[PDB]
């Protein structure tokens, strides 16, 4: 897990790409499973719920990509972010709350969050949400670092994400039906 406010800031401010028609075989890279592709050369770690679902490879999927590192051979490595295609360009605006506790004060704000697909990886959800927090709510700046992103799916399940560190690599493979996302409430608990 990545601690340190400055490190969190840079990563969640970085550039992201989204690719379609991504197919690769499958290959073992010291332990975890991988998929190389070249639209610049690329490497995709399946080590989560995608380890299960893409256990032999990718046929034509979409991949949300955030650059973790360039490995020794020169590959853009990235974890998770795999969605289906056929993956409709469905589109849903969803209520966003940012609740900024600062000891005894509370600066609450309302926004919305535009998911642009029928299916969205928890990786992409997490990235886009925090990038919005970084840009408009001063997340990972001064005293804004700890807190949670909370996602309500069809009024029954919950998805917590601790803002204190990077989304865990294991749950980057998770996928959500956009439709089901009812809202998002973030609560930054200030130092």
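Numbering follows the first chain given and starts at 1.
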Avg C-alpha B-factor, entry values, 151 to 159 vs 51 to 59, higher side is 51 to 59
With B-factors read from the PDB entry, the higher C-alpha mean of 110 to 118 and 83 to 91 is in 83 to 91
Reading the B-factor column for Cα atoms of 36, 166, 123, 145, the highest value belongs to 36
Entry-reported C-alpha B-factor of residue 181 relative to its chain, by third, is lowest
For residue 69, the third of its chain by CA B-factor is the middle
In terms of its chain's C-alpha B-factors, the third that includes residue 13 is the lowest
